[PDB]
Amino acid sequence: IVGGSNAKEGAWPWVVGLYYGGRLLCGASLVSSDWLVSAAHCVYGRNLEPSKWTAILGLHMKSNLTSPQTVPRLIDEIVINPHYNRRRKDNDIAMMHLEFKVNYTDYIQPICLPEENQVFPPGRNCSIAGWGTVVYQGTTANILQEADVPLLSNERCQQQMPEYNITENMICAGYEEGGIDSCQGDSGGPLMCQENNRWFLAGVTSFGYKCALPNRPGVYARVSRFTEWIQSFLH
Amino acid sequence: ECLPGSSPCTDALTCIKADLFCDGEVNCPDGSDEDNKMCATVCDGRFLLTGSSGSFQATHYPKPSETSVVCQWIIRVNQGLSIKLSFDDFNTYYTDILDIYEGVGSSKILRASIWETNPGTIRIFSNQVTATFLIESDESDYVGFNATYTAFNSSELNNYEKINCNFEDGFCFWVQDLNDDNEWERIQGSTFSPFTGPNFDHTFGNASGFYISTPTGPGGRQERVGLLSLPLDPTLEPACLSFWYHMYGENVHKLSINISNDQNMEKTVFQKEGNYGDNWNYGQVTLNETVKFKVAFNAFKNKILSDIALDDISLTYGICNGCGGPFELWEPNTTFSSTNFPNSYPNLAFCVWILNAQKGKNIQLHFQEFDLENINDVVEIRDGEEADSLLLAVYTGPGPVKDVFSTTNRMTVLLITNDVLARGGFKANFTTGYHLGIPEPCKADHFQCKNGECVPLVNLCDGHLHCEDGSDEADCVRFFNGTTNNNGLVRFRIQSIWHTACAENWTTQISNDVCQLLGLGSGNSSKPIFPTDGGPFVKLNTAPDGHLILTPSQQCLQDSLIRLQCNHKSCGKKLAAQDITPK
């Protein structure tokens, strides 16, 4: 989030901060009582030691871990997508299992899930979150930021991104003149879109040509195509 | 002139019965009844054989048979020795029954009948054996038989030679029971009355072997078939009796083994009832006796489709136990380095190892040495088999990684290396196989979950957690003919049958319970419409313990099918103290 403002404490309870030995890399999305949803590009090469990932549930500011609402949890399993391919950045989706259970609270609520064959019209306003970076060449933001980007069609996204291959599992989102979009360190954040007073998970920040650049929208992995793959693990 | 039916001797002074001629006992005072010329058979011209060895044949052995001739052979050997009969060839009509009598005179004991079957080697433990061959058919398509007799000592036989018999060449030393209802038949290959009994021999694994089995004749009553063995000498150490039994049929009653001693006391040590499949079963029993004992395989056969067979009986001492790297390689290239592996590997390395194999053979990659760099350098093992490369495992760093079991016949391995801090490297070798990694699923209605263990019905959607992968509680209840996603019937599954449920005592409590079991939220509503499924619907009940009691009873009047409609779970609804600000 480069062109956003600070978010209210508790406005996004389903945003989990993933720390690798005390360092945030990519956000997650809690779905089940012990399952998470994060991008499969930041967990590439670290599935051998799941104990190195610490799941901080219900966190708002990265410098107030002693809050009475923070519930510490650990990762014990990292299931990357079977069809993942880092070189082509395809199937960028992964689930991370939690160590112990966590009770639901006003600051800990499971995120929604997109059902199969769900028509997402272009230009639809979607909300994002995550402790990203406020500028390309800068440092991370301590406060949980947020932003809004419209949905672009697959053909228009492919025309705007000739250097990449946007498959049928990649839903793009971003401004036409840039300015407000995802940045480095934020790839992995959820793409929340409102529908009937419900905030689904319509994408996960995967990659991007450059940050805070005009005519450069962000790429979000279409979670709607990986519905059964996630549901096979939630049980 | 003697009485009608009697023939006088040579001296014409004593009248003896006609059946007493050539029977083995000297009835005439001058021994004329045992003369070789009067009892001369047209088969081979020899009646009495006193030598230790010899041979005998039928009428015109190397020619078709044209005349029915009654022939009889009586062999007497030295006392204390047994007579061993060896049948090299036997091909006659089923009406030409070869009778084997044990002893001479009217006290001769019949042991076995031979017809249209090669008897192999038949050993009688008597020094006087009377063999009679009666011709009844006139078919000239058969050749005949030729058998030789040899003398041996039965007192020097050990327990192994007496018990161990693979039944490939007749009966080794087994003596068929005389007080039973029927005798064992030696049939080769498939027997009569199909769909019952074994279809092939167990020793050779084909239909060319020989074994024993119950008579496949249409027996209308229950017949007992038993086989007696020679008395075994008592040993200081116990011995284990090993044998292969085949019990497949619809009317199998019981197959028991009795041990008979000198005091006529029978002791049952082995017993099997029911059907055990069309496969040879491994049966064993520990024999521990202080005196001489006998082994008796007494089979109780019922009516048609109750065949039982035995094979491979043996005895054993002891208690019964319980950028320019390599490319596609093949089987002769199991061991391989990556490209520069006797020491640390160079940077900017990117090689590929497409492991090839045959169609239907997976790949098992075992790493003998694996010392890589940090997260920057990893190894990606794939199972593409096509342009869409899959993923198997991501290994990196110095550590004993587990084995990799592929699925198809192709495996792509990519070595992603950085441009600084070169580590040592890795080393592995593959080995092709069949269904490696995945354990063999246990048969006989044994449900196998994801982890590999076997759980037939102890965890099939009942409320337990035996399988750690959670596949024991896999899909059994789901929506049936549902309009939307969270809509459908309440079709359950007890073991395999996917059937609906009843609504005799349907409530909202069990409604939301089933909704939670379906993975959805609580029960929004429940409206019965009409009954349409004919499957074994189950009456869902509840108990104060917490679990749901589901009795699959197929009995209900004016049943109703509940159209279950569950609401959504805790979706993305903001429950904190948030506001609405356009900024």
# chains A, B, ... in the order shown; residues from 1 in each chain; ligands from 1
$ residues_around --residues "residue A:82" --least-positions-apart "4" --cutoff "10 Å" --atoms "only C-alpha atoms" --output "MDAnalysis selection string"
(chainID A and resid 91 93:94 229) or (chainID B and resid 382:383 389:393)
$ write_last_selection --atoms "N, CA, C and O atoms" --output "PDB file, in the first residue's frame"
ATOM      1  N   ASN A  91       0.094 -20.444 -10.360  1.00  0.00           N
ATOM      2  CA  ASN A  91      -0.460 -21.148  -9.203  1.00  0.00           C
ATOM      3  C   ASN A  91       0.171 -20.653  -7.903  1.00  0.00           C
ATOM      4  O   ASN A  91       0.532 -21.435  -7.021  1.00  0.00           O
ATOM      5  N   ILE A  93      -0.223 -19.879  -4.770  1.00  0.00           N
ATOM      6  CA  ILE A  93      -1.136 -20.011  -3.641  1.00  0.00           C
ATOM      7  C   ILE A  93      -0.641 -21.157  -2.773  1.00  0.00           C
ATOM      8  O   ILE A  93      -0.151 -22.170  -3.277  1.00  0.00           O
ATOM      9  N   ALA A  94      -0.758 -20.988  -1.457  1.00  0.00           N
ATOM     10  CA  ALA A  94      -0.305 -21.999  -0.514  1.00  0.00           C
ATOM     11  C   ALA A  94      -1.086 -21.862   0.783  1.00  0.00           C
ATOM     12  O   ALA A  94      -1.607 -20.790   1.102  1.00  0.00           O
ATOM     13  N   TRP A 229      -9.210 -27.218  -3.890  1.00  0.00           N
ATOM     14  CA  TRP A 229      -7.897 -27.518  -3.328  1.00  0.00           C
ATOM     15  C   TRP A 229      -7.794 -27.043  -1.884  1.00  0.00           C
ATOM     16  O   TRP A 229      -7.183 -27.713  -1.044  1.00  0.00           O
TER      17      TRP A 229
ATOM     18  N   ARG B 382      10.021 -32.384  -9.736  1.00  0.00           N
ATOM     19  CA  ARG B 382       8.738 -32.251 -10.411  1.00  0.00           C
ATOM     20  C   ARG B 382       8.272 -33.601 -10.956  1.00  0.00           C
ATOM     21  O   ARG B 382       9.030 -34.572 -11.031  1.00  0.00           O
ATOM     22  N   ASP B 383       6.994 -33.666 -11.342  1.00  0.00           N
ATOM     23  CA  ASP B 383       6.402 -34.848 -11.957  1.00  0.00           C
ATOM     24  C   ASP B 383       5.560 -34.462 -13.169  1.00  0.00           C
ATOM     25  O   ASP B 383       4.407 -34.888 -13.290  1.00  0.00           O
ATOM     26  N   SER B 389       4.234 -28.805 -15.712  1.00  0.00           N
ATOM     27  CA  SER B 389       5.052 -29.445 -14.691  1.00  0.00           C
ATOM     28  C   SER B 389       4.411 -29.303 -13.317  1.00  0.00           C
ATOM     29  O   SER B 389       4.025 -28.204 -12.907  1.00  0.00           O
ATOM     30  N   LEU B 390       4.300 -30.421 -12.607  1.00  0.00           N
ATOM     31  CA  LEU B 390       3.745 -30.430 -11.260  1.00  0.00           C
ATOM     32  C   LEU B 390       4.861 -30.157 -10.251  1.00  0.00           C
ATOM     33  O   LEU B 390       5.971 -29.754 -10.608  1.00  0.00           O
ATOM     34  N   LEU B 391       4.572 -30.372  -8.971  1.00  0.00           N
ATOM     35  CA  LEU B 391       5.540 -30.171  -7.903  1.00  0.00           C
ATOM     36  C   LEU B 391       5.491 -31.353  -6.948  1.00  0.00           C
ATOM     37  O   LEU B 391       4.412 -31.873  -6.645  1.00  0.00           O
ATOM     38  N   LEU B 392       6.660 -31.777  -6.480  1.00  0.00           N
ATOM     39  CA  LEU B 392       6.772 -32.894  -5.552  1.00  0.00           C
ATOM     40  C   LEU B 392       7.323 -32.495  -4.194  1.00  0.00           C
ATOM     41  O   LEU B 392       6.697 -32.789  -3.172  1.00  0.00           O
ATOM     42  N   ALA B 393       8.474 -31.829  -4.154  1.00  0.00           N
ATOM     43  CA  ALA B 393       9.090 -31.413  -2.903  1.00  0.00           C
ATOM     44  C   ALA B 393      10.161 -30.378  -3.208  1.00  0.00           C
ATOM     45  O   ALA B 393      10.726 -30.360  -4.306  1.00  0.00           O
TER      46      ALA B 393
END
$ interface_residues --of "chain B" --to "chain A" --cutoff "10 Å" --atoms "only C-alpha atoms" --output "NGL selection string"
:B and (374-380 or 382-384 or 388-397 or 399 or 401 or 469-471 or 473-474 or 485 or 518-519 or 568-579 or 583)
$ select_by_dssp --residues "stretch 107-220 of chain B" --states "helix (DSSP H, G or I)" --output "number ranges by chain"
B: 107, 159-163
$ write_last_selection --atoms "C-alpha atoms" --output "compact mmCIF listing (two decimals), in the first residue's frame"
# COMPACT_ATOMS: atom_id res chain seq x y z
CA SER B 107 -8.66 -111.47 3.38
CA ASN B 159 9.39 -88.41 9.95
CA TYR B 160 10.29 -86.02 7.12
CA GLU B 161 9.97 -88.68 4.42
CA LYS B 162 6.69 -89.84 5.99
CA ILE B 163 5.05 -86.40 6.32
$ residues_around --residues "residue B:181" --least-positions-apart "4" --cutoff "12 Å" --atoms "only C-alpha atoms" --output "PyMOL selection string"
chain B and resi 176-177+214-215+219+221-227+298-302
$ closest_residue --among "A:64, A:38, A:224, A:118" --to "residue A:195" --atoms "only C-alpha atoms"
A:118
$ atom_distance --atom1 "atom CA of residue A:62" --atom2 "atom CA of residue A:129"
13.8 Å
$ atom_distance --atom1 "atom CA of residue B:153" --atom2 "atom CA of residue B:125"
9.1 Å
$ residues_around --residues "residue B:39" --least-positions-apart "5" --cutoff "12 Å" --atoms "only C-alpha atoms" --output "PyMOL selection string"
chain B and resi 20-24+32-34+44-48+70-74
$ write_last_selection --atoms "N, CA, C and O atoms" --output "PDB file, in the first residue's frame"
ATOM      1  N   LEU B  20     -11.765-119.446  -5.277  1.00  0.00           N
ATOM      2  CA  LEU B  20     -10.551-119.749  -4.533  1.00  0.00           C
ATOM      3  C   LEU B  20      -9.357-120.031  -5.436  1.00  0.00           C
ATOM      4  O   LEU B  20      -8.257-120.268  -4.926  1.00  0.00           O
ATOM      5  N   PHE B  21      -9.545-120.019  -6.752  1.00  0.00           N
ATOM      6  CA  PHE B  21      -8.443-120.239  -7.679  1.00  0.00           C
ATOM      7  C   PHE B  21      -7.692-118.936  -7.917  1.00  0.00           C
ATOM      8  O   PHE B  21      -8.306-117.879  -8.098  1.00  0.00           O
ATOM      9  N   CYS B  22      -6.360-119.018  -7.911  1.00  0.00           N
ATOM     10  CA  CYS B  22      -5.486-117.878  -8.195  1.00  0.00           C
ATOM     11  C   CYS B  22      -5.732-116.716  -7.236  1.00  0.00           C
ATOM     12  O   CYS B  22      -5.576-115.550  -7.606  1.00  0.00           O
ATOM     13  N   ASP B  23      -6.119-117.021  -5.998  1.00  0.00           N
ATOM     14  CA  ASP B  23      -6.422-115.989  -5.014  1.00  0.00           C
ATOM     15  C   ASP B  23      -5.279-115.729  -4.043  1.00  0.00           C
ATOM     16  O   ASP B  23      -5.344-114.757  -3.282  1.00  0.00           O
ATOM     17  N   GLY B  24      -4.241-116.565  -4.045  1.00  0.00           N
ATOM     18  CA  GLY B  24      -3.105-116.391  -3.166  1.00  0.00           C
ATOM     19  C   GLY B  24      -2.901-117.499  -2.153  1.00  0.00           C
ATOM     20  O   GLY B  24      -1.779-117.661  -1.659  1.00  0.00           O
ATOM     21  N   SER B  32      -1.992-127.506  -7.006  1.00  0.00           N
ATOM     22  CA  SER B  32      -2.341-127.273  -8.402  1.00  0.00           C
ATOM     23  C   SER B  32      -3.124-125.983  -8.600  1.00  0.00           C
ATOM     24  O   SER B  32      -3.151-125.455  -9.717  1.00  0.00           O
ATOM     25  N   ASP B  33      -3.762-125.464  -7.549  1.00  0.00           N
ATOM     26  CA  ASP B  33      -4.528-124.230  -7.677  1.00  0.00           C
ATOM     27  C   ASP B  33      -3.635-123.010  -7.856  1.00  0.00           C
ATOM     28  O   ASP B  33      -4.103-121.984  -8.362  1.00  0.00           O
ATOM     29  N   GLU B  34      -2.366-123.095  -7.455  1.00  0.00           N
ATOM     30  CA  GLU B  34      -1.420-121.996  -7.600  1.00  0.00           C
ATOM     31  C   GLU B  34      -0.441-122.224  -8.746  1.00  0.00           C
ATOM     32  O   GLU B  34       0.645-121.637  -8.756  1.00  0.00           O
ATOM     33  N   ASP B  44       0.521-110.493 -19.875  1.00  0.00           N
ATOM     34  CA  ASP B  44       1.971-110.594 -19.995  1.00  0.00           C
ATOM     35  C   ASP B  44       2.475-112.023 -19.831  1.00  0.00           C
ATOM     36  O   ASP B  44       3.689-112.251 -19.899  1.00  0.00           O
ATOM     37  N   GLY B  45       1.582-112.988 -19.619  1.00  0.00           N
ATOM     38  CA  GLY B  45       1.996-114.367 -19.460  1.00  0.00           C
ATOM     39  C   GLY B  45       2.592-114.710 -18.115  1.00  0.00           C
ATOM     40  O   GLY B  45       3.118-115.816 -17.954  1.00  0.00           O
ATOM     41  N   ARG B  46       2.529-113.804 -17.145  1.00  0.00           N
ATOM     42  CA  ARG B  46       3.087-114.025 -15.819  1.00  0.00           C
ATOM     43  C   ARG B  46       2.031-113.748 -14.759  1.00  0.00           C
ATOM     44  O   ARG B  46       1.314-112.744 -14.829  1.00  0.00           O
ATOM     45  N   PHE B  47       1.940-114.646 -13.779  1.00  0.00           N
ATOM     46  CA  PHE B  47       0.977-114.518 -12.691  1.00  0.00           C
ATOM     47  C   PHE B  47       1.663-114.285 -11.352  1.00  0.00           C
ATOM     48  O   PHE B  47       1.334-113.319 -10.658  1.00  0.00           O
ATOM     49  N   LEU B  48       2.607-115.139 -10.970  1.00  0.00           N
ATOM     50  CA  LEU B  48       3.308-115.023  -9.697  1.00  0.00           C
ATOM     51  C   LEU B  48       4.690-114.429  -9.941  1.00  0.00           C
ATOM     52  O   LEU B  48       5.465-114.959 -10.745  1.00  0.00           O
ATOM     53  N   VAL B  70      -9.278-110.983 -18.244  1.00  0.00           N
ATOM     54  CA  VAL B  70      -9.154-110.821 -16.801  1.00  0.00           C
ATOM     55  C   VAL B  70      -7.752-111.247 -16.389  1.00  0.00           C
ATOM     56  O   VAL B  70      -7.381-112.418 -16.540  1.00  0.00           O
ATOM     57  N   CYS B  71      -6.973-110.300 -15.871  1.00  0.00           N
ATOM     58  CA  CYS B  71      -5.591-110.540 -15.479  1.00  0.00           C
ATOM     59  C   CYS B  71      -5.414-110.241 -13.998  1.00  0.00           C
ATOM     60  O   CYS B  71      -6.154-109.435 -13.424  1.00  0.00           O
ATOM     61  N   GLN B  72      -4.431-110.897 -13.382  1.00  0.00           N
ATOM     62  CA  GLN B  72      -4.179-110.764 -11.952  1.00  0.00           C
ATOM     63  C   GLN B  72      -2.703-111.015 -11.682  1.00  0.00           C
ATOM     64  O   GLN B  72      -2.130-111.975 -12.208  1.00  0.00           O
ATOM     65  N   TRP B  73      -2.092-110.156 -10.871  1.00  0.00           N
ATOM     66  CA  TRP B  73      -0.701-110.300 -10.472  1.00  0.00           C
ATOM     67  C   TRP B  73      -0.601-110.387  -8.955  1.00  0.00           C
ATOM     68  O   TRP B  73      -1.202-109.584  -8.235  1.00  0.00           O
ATOM     69  N   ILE B  74       0.162-111.367  -8.476  1.00  0.00           N
ATOM     70  CA  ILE B  74       0.415-111.559  -7.052  1.00  0.00           C
ATOM     71  C   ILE B  74       1.922-111.545  -6.841  1.00  0.00           C
ATOM     72  O   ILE B  74       2.639-112.405  -7.368  1.00  0.00           O
TER      73      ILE B  74
END
$ residues_around --residues "residue B:59" --least-positions-apart "4" --cutoff "7 Å" --atoms "only C-alpha atoms" --output "PyMOL selection string"
chain B and resi 42-44+65
